[PDB]
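Novice:
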Amino acid sequence: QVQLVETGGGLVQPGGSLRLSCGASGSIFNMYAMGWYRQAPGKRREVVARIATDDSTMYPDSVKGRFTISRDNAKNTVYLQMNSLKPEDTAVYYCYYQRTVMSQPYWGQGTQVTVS
Amino acid sequence: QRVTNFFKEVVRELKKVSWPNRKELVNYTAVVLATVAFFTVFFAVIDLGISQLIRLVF
Amino acid sequence: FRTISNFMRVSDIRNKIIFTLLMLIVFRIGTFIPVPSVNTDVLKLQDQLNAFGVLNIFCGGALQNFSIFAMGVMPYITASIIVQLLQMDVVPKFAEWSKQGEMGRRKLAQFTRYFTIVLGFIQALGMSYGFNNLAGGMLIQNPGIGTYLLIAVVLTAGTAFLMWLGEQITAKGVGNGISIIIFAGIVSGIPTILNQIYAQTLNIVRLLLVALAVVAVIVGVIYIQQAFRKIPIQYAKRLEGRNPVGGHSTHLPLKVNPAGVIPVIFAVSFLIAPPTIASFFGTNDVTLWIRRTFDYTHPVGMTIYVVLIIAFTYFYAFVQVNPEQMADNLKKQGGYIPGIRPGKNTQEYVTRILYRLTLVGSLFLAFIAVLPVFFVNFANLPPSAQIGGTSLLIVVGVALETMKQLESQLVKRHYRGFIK
Amino acid sequence: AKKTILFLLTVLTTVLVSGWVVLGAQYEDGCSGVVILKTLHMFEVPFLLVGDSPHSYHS
Amino acid sequence: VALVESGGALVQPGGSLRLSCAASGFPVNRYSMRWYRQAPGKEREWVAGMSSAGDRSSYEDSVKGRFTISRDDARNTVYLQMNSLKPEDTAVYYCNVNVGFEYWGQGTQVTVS
Amino acid sequence: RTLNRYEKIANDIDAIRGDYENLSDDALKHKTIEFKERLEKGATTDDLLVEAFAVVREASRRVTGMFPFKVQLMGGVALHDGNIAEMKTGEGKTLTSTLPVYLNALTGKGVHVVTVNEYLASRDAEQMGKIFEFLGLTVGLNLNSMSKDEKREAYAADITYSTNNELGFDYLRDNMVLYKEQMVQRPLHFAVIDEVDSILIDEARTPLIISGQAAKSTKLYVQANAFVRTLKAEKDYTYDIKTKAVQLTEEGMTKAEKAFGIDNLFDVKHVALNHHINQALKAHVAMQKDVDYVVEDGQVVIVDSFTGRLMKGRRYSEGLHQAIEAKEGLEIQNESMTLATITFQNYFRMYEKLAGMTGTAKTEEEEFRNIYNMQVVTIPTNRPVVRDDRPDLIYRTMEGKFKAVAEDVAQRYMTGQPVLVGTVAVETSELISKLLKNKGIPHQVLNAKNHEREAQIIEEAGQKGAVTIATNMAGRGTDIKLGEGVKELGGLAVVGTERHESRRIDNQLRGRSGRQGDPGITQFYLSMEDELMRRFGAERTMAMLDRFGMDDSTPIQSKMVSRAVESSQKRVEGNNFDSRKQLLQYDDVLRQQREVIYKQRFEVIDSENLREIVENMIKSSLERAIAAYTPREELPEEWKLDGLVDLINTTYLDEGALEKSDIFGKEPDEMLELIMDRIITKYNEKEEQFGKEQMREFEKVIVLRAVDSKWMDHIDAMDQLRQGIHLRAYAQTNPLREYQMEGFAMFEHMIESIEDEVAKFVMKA
Amino acid sequence: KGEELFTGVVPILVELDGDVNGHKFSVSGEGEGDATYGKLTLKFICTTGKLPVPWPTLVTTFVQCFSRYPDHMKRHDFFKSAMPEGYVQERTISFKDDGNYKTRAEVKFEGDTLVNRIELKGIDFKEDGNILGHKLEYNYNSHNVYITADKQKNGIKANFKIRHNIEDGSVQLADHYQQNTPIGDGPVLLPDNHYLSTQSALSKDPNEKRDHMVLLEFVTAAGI
Ligand SMILES: Nc1ncnc2c1ncn2[C@@H]1O[C@H](COP(=O)(O)OP(=O)(O)O)[C@@H](O)[C@H]1O
Ligand code: BEF
Ligand SMILES: [Mg+2]
């Protein structure tokens, strides 16, 4: 119901940084979860970052420390600031939201972050 | 050649088993397919119902 | 059909049918309820297909579920099979408890319930930790040991609630309790599998061939499951005068598959134990070889799987039937097979019967267990299906046994009389 | 030696109750060949093991 | 099968009275029925009777030329006659048939006095 | 809580017995007439309860001298409610029976007061019948020895005292009569069961069975007895002491096949020889003479396991009685054949109202709730139990225990205190009597064999210096009264000598000592080779009886043997629990069948026209005969209809009345209607010629003979099915459901045979 | 005891040879006898050809020990005293209006089985009567055999009359005088007058080819 325009996918040299911006449409953002996952080829998407409604952020230990998240309500942007890039971080990227704990998580379109 | 004697004994044993006849075989398959089809539809309908009630209450 | 209208005309049968359906609605309602700190969006993002709900995922080609009923009654199943294996000359206290009667049986049932709670706790800990590793550490928020023990005690509470629900639906409901709950788990998984097969789609006639093969295998399962070898038994402790009929004679029926489905429990434990112990050692050459040959969707692993199903069917048929205990019980109560001396000779008579019947039942069980691999490979089905495994045997058995229980309740009303 | 094989099968059945810990450790295709889910949904409760003088008033 | 006789009365020695025997449980079309008599004190002797319906009928020589056993299948019964009877033939008369077993009637008392 | 209700009603009765006291007789006998007309106008028994109970209190004080205590009124209200009044042993339960028995006999439908044996029935009948005949009712006493006319006079009275066996057998024989006016019992209205736990819990493990004699065989009994008498107790048979099962060994089977010239004893042509060898083994090994039976006047008489007295008419089933008579060298009698069967659960659950009182109900309370829907109510005592229940003295051997028992009896005889020694069997009672004969102690013995002097022995058993050795006969309801000075010696020491099969039974023996606030000692002397310990003791504790030493002058002062004694008794109680549960559900199957058959046989008996019943039987037999040919599958003329014509002419329509042309190409219902109206006009001619009431007598004899013969065969076939049904549990089915389904199929085939026989015998006669 | 030993079912061999008017006959047969119910189920086969005298004139010649006794007449039997030792019976059978049978039979337990060895000689016959004219209906009636004892011969003399349904509608009253002799000489039992109330049934087998007589028969006694 809320579309996601996820911009910021650019070719960065491996060992750099990047910023991804998930622009949403509807502005309530008392949402149960927001976040980002990859789903590269070589599938089974890894949930890269995830914000609770209490801003209690989680990451896997694959990208722990190197990736930061940000969410500013009433200005519909969710930011994933990627630091210390790598050739295995080369993947397409998808922002996601989830309204409540019983909702279904509704995805976005692809954002190819190619790190070479 | 003991194993061919044993398999002749297995085939001889299978003729003393009281297999179900065709009438009760058809009645049993009717009961099984009716139970599986009814519970498939029953569980699909109550999954749809619980899903709509969950969408209402959150 | 007429008989399902005859059931709803009797008030007691209709009462317990409706109570059973209400308990199954309760089970499904609870299967929609999430666990405390399990962060359901990464769970629903983990699957390889699109299931229905948020707690249902399609992981490993199986419809997995992470509600408060995530274990189901599986700890009760494994606790009962462990306690039954412990009764047979391993723990002596259990042996004499079984030898006592209907009150030592209550001691064994009490031990099985406490062991169920213990095994449910251990399985909930392993399950929550393994699912959190599957999600990448993202599944459990606050991954401290207090949260793991909260999750483990609420999954064990869910499984103990399912066992109470089974006690209810066998006391005031249609049939056996735990068997109805297991049947409900399988056939509640059916509609989302049909939705995946629809969302995939020569193909219409391919699925028609698949449905006709499924009805053919259901007929074969009913054929093997309802077949008894009836050994005649003669009792020599009543006069049996005045033209004995011979129609309702006493006999001892052995099933063709006396083991059931339990040989597949032992065979898949033997097939999953080398990959877990190799997964603790990290990736190597021999770890990848152990992972490659113990995977039963490829012919070396399928051969090991079939061989272990046949061997454990022979073992568990002789555990379940136990021809020596049968020969001693027949000698003690005074019966005998006509022609055979009631001591050791009846033991080896029914041992030979059991060898031949167990060959046929073990081949049937192995074929039924490796059928879904062939349907997935040679019907281009999604790997989500598992179409015709041992869940087919469980579904057929519970359906037929509940039908027989209902007809037995029905015939107490039809005592005619010669006057009428 | 039936006690040894029965105890070996008891430890394999609790391998099935505890073997859920190996889900993402060495595959890294997370559930693409793990058989635990199938085992969890494939089984039923085992069936329970099986194991004076009357008088009469003459008329 | 249960032969019941009736038609027995006190008949003077110049009157003739028919004696009926109703058969119940078998056709008279295919069974030879016989009429016996026994006086009080006498042993039970054979008086009259015909078999295989209507082409032949025999009597005893104390009633020969006098008695006639007849029957009717639509009524399914047999009839005697007490024509020209003398006080010598006071008896209880019996209807006898043989279908499998031998069935006797209850006996009709006629005394000619 | 109901006990405060019982206390409130008892205080109500106390106030108005203040009112009822100064009334003459003929003014207190008039209260029965007054209550009868008030009960016919509009009142219920529950509204009359306090005035009727106060009238019985005053009448009892006028007749017997006893004026019932308020706990007796509480027990009487608990009996009127249909509950179980658990008053202690000695408390006065006979007067508390007379309160609701009078209240519930005013409606005129009859009250049965059931007791355990005939001594107690005759005793209670005499005393409480003096009370009831003061009040104006009529008390019959139904005994085993009465004729049918005396039994009919006993049941026609207002209150009938009997034992449970005679009530069960009278019910079973009332459903075997030919005329309605041969039935002795009235409709079953109210049963007050004295000693409920004996009758409804202990003795309900057994069914009542009426048999009738079949043909006699004798040669195989003497042959098998002459074989078994040479058989070497350990090589050729095993006697299992736990369940008293005697089986041949393979050496014994080889010797059996050599002695009889056969080649295989376990063929199907030698099942009679195998049955005779097994019953001669059980008669020799498992049935000891003065324990299980007696030999009286050249006959084997069974000593009852519960009551401990001789069952004179009763015989062992399945050829065991004939094997015992061949063993003893007596005349072997005919075989038998089960005519009727009922259990005590299914008998007493027919009774429209059921009460009971006992001393020992509380441990069986849930059983009384599950089966009979009766609630055990515990009543206070009004005087505390001053009886001294000492713990058991466990010994190593039986000779040491019996030496101790004789020494105890000797040193209580020297003071003058009366002793009652309580055994179980007749032979241990004679053993301990000869143990006191030398030592010179004058005693009385109350065995099954000494039953004639019983009412005399009990009147002397509580005097000064009175030793009484008594079996199970004494320890259930016997009221021993104490003589002069005996209450100062602490009268009636009960010396038990074995644990019984429950705590209730040995609590009843202790209750022989107690007796309403009087002093008394109850010591049990057990042993470690007692039959309870040898049969049901666990094999762990049965190893260290060498560890305790071999002296036997002092008891084993351990606490592991006491746990073993208690656990063995709990093992017997659990075995009896499960055995009576099994007998309950399988006779629930036969209970449904028997209730259908007995109700329809009775309405065959009191039906003054049987034309409709017999015609429906002929029509049902004819519909099945039509549908036996003429099946639904092969419709066009593959129907073999000349075979059906031959069947109709051999079964219904006198040999010529049907040809193929009458039923050619017809629908099954129109050929049914054609044959049926031919049958109706043949029936009308039969009813015309045969007579009108004579025809009813004829077909009543036909119908009752068919019902009786097929029902006896069905009882036999149902017994055989119940033999094999646990073997059906080997195929992972529930065997009770298999019993119910095969019993339904067997019953319906039996009723089809009844209809076929009645149709053939009516139409072809 | 003796036949109280044979309460179970007994094999019955019957062998008969005989001559009437120089004309030969030979009939055999086999069946079963029962005493506690007291019946005879016998399949008899004419193994020579055709019957000179018909089967109803044969049936009283065709084994009187298979009676049914109630409890009181157990003392009053002769036919359980000469058995298993053996039995001999001869009869003078007078046909009224025709000649005479002298029948000559020994009825004994040969080995186990009850063999009735009969030689029948029928003299004083004219062929143009009813019996050699085969005027008999295929039936046999119900009767009462009167039994008394003699002590000069210490055996049993039996008197009875029998009634054959003639196909013309008449009856042949024929009287049997029967002499009954032991073979062994053990405990003889000579009771008073009593009577065997007997009834019979003659029928055939639809799946049998030759001229054969099937006999089913009930015996009871009464009087004492
Ligand atoms: N109200 C009473 N007053 C005096 N004596 C009584 C009273 N009730 C009972 N008894 C006496 O107490 C004894 C109790 O005996 P009984 O009633 O036979 O015991 P149980 O209750 O075991 O049957 C009897 O001898 C009776 O005479
Ligand atoms: F329970 Be009592 F001592 F009659
Ligand atoms: Mg009492």
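Taken in sequence, the protein lines are chains L, V, R, D, F, C and U. Our numbering runs 99 ahead of the 1-based position in the first sequence. Our numbering runs 4 ahead of the 1-based position in the second sequence. Our numbering runs 1 ahead of the 1-based position in the third sequence. Each step along the fourth sequence adds one to the number in our numbering, with nothing skipped, and position 40 is 22. Our numbering runs 14 ahead of the 1-based position in the fifth sequence. Our numbering runs 516 ahead of the 1-based position in the sixth sequence. Our numbering runs 1299 ahead of the 1-based position in the seventh sequence. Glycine included, each C-beta is placed from N, C-alpha and C at the ideal position.
Which residues in the same chain have their Cβ closer than 6 Å to the Cβ of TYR317/R, if we skip the five residues on either side of it in sequence?
Specialist: Same-chain partners within the cutoff: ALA260, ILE263 and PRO264.
Novice: Please confirm whether any heavy atom of ligand 1 lies closer than 7 Å to the CB of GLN849/C.
Specialist: Flag unset: Cβ of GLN849/C not near ligand 1.
Novice: Using a Cβ cut-off of 8 Å, pull out every chain R residue sitting near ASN780/C, in sequence order please.
Specialist: What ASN780/C touches in chain R: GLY340.
Novice: In whole angstroms, give me the CA-to-CA distance for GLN142/R and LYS142/L.
Specialist: Computed Cα separation, rounded: 24 Å.
Novice: Can you list the residues of chain R that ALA7/D reaches, using a CB-CB cut of under 7 Å?
Specialist: Going along chain R in sequence order, the residues near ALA7/D (Cβ under 7 Å) are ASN134 and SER280.
Novice: In chain order, what residues of the same chain have a beta carbon less than 7 Å from the beta carbon of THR897/C, not counting five sequence neighbours either side?
Specialist: Contacts found: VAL587, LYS604 and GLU607.
Novice: Residue range of the alpha helix (DSSP H) that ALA922/C falls in?
Specialist: Run containing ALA922/C: 914 to 929, per the alpha helix (DSSP H) assignment.
Novice: Helix, strand or coil: how does DSSP classify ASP171/L here?
Specialist: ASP171/L: strand per DSSP, three-state reduction.
Novice: Taking all protein chains shown into account, do 16 or more other C-beta atoms lie within 10 angstroms of the C-beta of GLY768/C, making it buried, or fewer, making it exposed?
Specialist: Per the 10 Å Cβ criterion, buried.
Novice: Could you pull out every unbroken alpha helix (DSSP H) segment of at least 4 residues lying fully inside the stretch 675 to 705 of chain C, listed in chain order?
Specialist: Entirely contained in the stretch 675 to 705 of chain C, the alpha helix (DSSP H) runs reaching 4 residues are, in chain order, 680 to 690.
Novice: Leaving out the 5 sequence neighbours to the left and right, which residues in its chain are closer than 7 Å to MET327/R when beta-carbon positions are compared?
Specialist: Same-chain partners within the cutoff: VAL351.
Novice: Would you decide whether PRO113/L is buried or exposed? Buried here means 16 or more other CB atoms lie within 10 Å of its CB.
Specialist: Classification for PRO113/L: exposed.
Novice: Between which two residues does the beta strand (DSSP E) holding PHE1365/U run?
Specialist: First-last for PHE1365/U: undefined, no H or E at that position.
Novice: Between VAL222/R, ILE14/R and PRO373/R, which has its C-alpha nearest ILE170/R's C-alpha?
Specialist: Residue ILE14/R is the option with its Cα nearest to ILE170/R.
Novice: So for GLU642/C, helix, strand or coil by DSSP?
Specialist: Looking at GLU642/C - three-state DSSP - the assignment turns out to be helix.
Novice: I need the straight-line Cα distance from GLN111/R to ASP160/L, nearest angstrom please.
Specialist: Cα-Cα distance, rounded: 44 Å.
Novice: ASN90/F: which of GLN972/C, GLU750/C, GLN1205/C and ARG577/C sits nearest, CA to CA?
Specialist: When each option's Cα is compared against that of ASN90/F, the closest is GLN1205/C.
Novice: Kindly indicate which three-state DSSP category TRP1354/U falls into: helix, strand or coil?
Specialist: Coil.
Novice: For chain F, check one thing: does any of its Cβ atoms lie closer than 8 Å to the Cβ of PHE1206/C?
Specialist: Taking Cβ atoms only, chain F reaches closer than 8 Å to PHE1206/C, which makes this a yes.
Novice: Keeping to the same chain, check which residues put their C-beta closer than 6 Å to that of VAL1088/C; ignore five residues upstream and five downstream.
Specialist: If we look at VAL1088/C and ignore the five residues flanking it on each side, its Cβ neighbours are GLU1017 and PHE1052.
Novice: So the candidates are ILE1446/U, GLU1418/U and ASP1333/U; which of them puts its Cα closest to the Cα of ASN1492/U?
Specialist: For the residues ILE1446/U, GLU1418/U and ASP1333/U, the minimum Cα distance to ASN1492/U belongs to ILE1446/U.
Novice: Could you name the residues that DSSP lists as bridge partners for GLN1039/C?
Specialist: According to DSSP, which records beta bridges pairwise, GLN1039/C is partnered with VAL1011/C.
Novice: Considering only C-alpha positions, which residue in the set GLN763/C, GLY1090/C, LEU1243/C and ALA742/C is nearest to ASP752/C?
Specialist: When only C-alpha atoms are compared, the closest one is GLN763/C.
Novice: Please return the same chain residues whose Cβ sits closer than 8 Å to the Cβ of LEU210/R, not counting the five positions on each side in sequence.
Specialist: Excluding positions up to five away in sequence, the list reads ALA380.
Novice: How many angstroms separate the CA atom of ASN850/C from the CA atom of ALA730/C?
Specialist: Going from the Cα of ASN850/C to the Cα of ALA730/C covers about 6 Å.
Novice: Would the stretch 736 to 755 of chain C and the stretch 864 to 876 of chain C be scored as touching if the rule is three or more Cβ pairs under 8 Å?
Specialist: Short answer: they don't touch.
Novice: Can the beta-carbon of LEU110/L be found less than 8 Å from the beta-carbon of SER215/L?
Specialist: Against a cut-off of 8 Å, the Cβ pair of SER215/L and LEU110/L comes out as a contact.
Novice: Check for me: the alpha helix (DSSP H) holding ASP51/V runs from which residue to which?
Specialist: That run of the alpha helix (DSSP H) goes 26 to 61.
Novice: Report all residues from its chain with a CB closer than 8 Å to the CB of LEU87/R; omit the five preceding and five following residues, and keep chain order.
Specialist: Contacts found: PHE95.
Novice: Is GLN588/C near ligand 1, in the sense that its beta carbon is under 7 Å from a heavy atom of that ligand?
Specialist: Checking the Cβ of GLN588/C against ligand 1 gives yes.
Novice: Any beta carbon of chain C sitting closer than 8 Å to that of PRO28/D?
Specialist: By this cut-off, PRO28/D is not an interface position.
Novice: Which whole-angstrom value is the C-beta distance of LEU781/C and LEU253/R, which I expect to be below 8 Å?
Specialist: The pair is not a contact, with the Cβ atoms about 20 Å apart (cut-off 8 Å).
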